[PDB]
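In the text below, chain A, chain B and the rest are named by the order of the sequence lines, each starting its count at 1.
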Amino acid sequence: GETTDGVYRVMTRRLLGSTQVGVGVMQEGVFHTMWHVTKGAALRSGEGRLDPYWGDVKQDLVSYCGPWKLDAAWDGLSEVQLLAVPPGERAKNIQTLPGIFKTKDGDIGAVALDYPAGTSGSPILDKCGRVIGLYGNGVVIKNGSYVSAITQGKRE
Amino acid sequence: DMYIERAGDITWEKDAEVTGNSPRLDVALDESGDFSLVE
Ligand SMILES: Cc1nc([C@H]2CCCNC2)[nH]c1C(=O)Nc1ccccn1
């Protein structure tokens, strides 16, 4: 199977035609995506099989073939880039300055970009191209727009 | 049954479309992973 580092679309042949349900990152032999995209289910990569290794519904994350590898974090000051991979459209970098999700357990960066639901799992990057989290788990604000958290896992 | 297709490289791109605001929101994270606005 294709284990090349990079950004990937998560597709399904269950519904009419081929439908993009999400996006994920391949890094160091591990596939990283959001839990709500696959719901823990196994993935196909050509003829190779990707089996889930770690997952957590609260964090809304899941890794395949190995533990979570992404550990870079937003510095709190710099602009970041969402490598948005929308359904039926090409990968497109979009630079934004993140906001903050103020929670009882600490603050989290948040990207205020609006994209289709199939864009869930698109990586958020820092100036050196390191993945600082995934886009796809957020909230809808007063004006109907979508604000996603910068969801990052823990590296063991 | 789900499958993956490569969509590109992970790189920082100079001169990309800069857009979007930076709000400071009050939120709550539930056991099911759902974020919500606290007011
Ligand atoms: C289908 C779906 N389901 C969740 C939930 C995931 C687990 C609990 N918290 C919300 N978000 C979504 C979504 O549509 N996300 C999304 C991502 C980018 C752009 C637009 N929507």
From CD (B:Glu5) to CD (A:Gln20), nearest 0.5 Å: 9.0 Å
Where does A:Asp56 contact chain B at under 4.5 Å (heavy atoms): side chain, backbone, both or neither? neither
Applying a strict 4.5 Å limit to non-hydrogen atoms, the region of A:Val140 in contact with chain B is backbone
A:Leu125, part contacting chain B, at a heavy-atom distance under 4.5 Å: both
Under 4.5 Å from any heavy atom of chain A - which part of B:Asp9: backbone
When the 4.5 angstrom heavy-atom criterion is applied to A:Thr38 and chain B, the contacting part is both
Below 4.0 angstrom, N of the basic side chain to O of the carboxylate: do B:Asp1 and A:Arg44 qualify? yes
Has A:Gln81 got a side-chain atom pairing as donor or acceptor with B:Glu13's backbone, closer than 3.5 angstrom? yes
Which bit of A:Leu83 is near chain B, if near means a heavy-atom gap under 4.5 Å: side chain, backbone, both or neither? side chain
For A:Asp107, is it the side chain, the backbone, both or neither that has a heavy atom under 4.5 Å from a heavy atom of chain B? neither
Around atom CZ of A:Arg155, are there more than 12 heavy atoms of other residues, nucleotides or ligands at under 6.0 Å? yes
Quick check on B:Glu31 against chain A: is it the side chain, the backbone, both or neither that has a heavy atom closer than 4.5 Å? backbone
When heavy-atom pairs shorter than 4.5 Å are enumerated against chain A, which of B:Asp34, B:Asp30, B:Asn21, B:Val38 gives the highest number? B:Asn21
N/O donor-acceptor pair under 3.5 Å between B:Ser22 side chain and A:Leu97 backbone: yes
Please check: side-chain N/O of B:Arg6 versus main-chain N/O of A:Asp5, any donor-acceptor pairing under 3.5 Å? yes
Tell me if a side-chain donor or acceptor on A:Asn93 pairs with a main-chain N or O of B:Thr11 at a distance below 3.5 Å. yes
Heavy-atom distances under 4.5 Å only: say whether A:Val131 touches chain B with side chain, backbone, both or neither. side chain
A:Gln95 CD to B:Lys14 NZ distance, which is reported to the nearest 0.5 Å: 9.5 Å
Given that the side chain runs from C-beta out, which part of A:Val85 has a heavy atom under 4.5 Å from chain B: side chain, backbone, both or neither? side chain
Measure distances from B:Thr19 to the heavy atoms of chain A and classify the residue's part below 4.5 Å as side chain, backbone, both or neither. both
Closest heavy-atom pair and its distance - B:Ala7, A:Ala91: O-CB, 3.5 Å
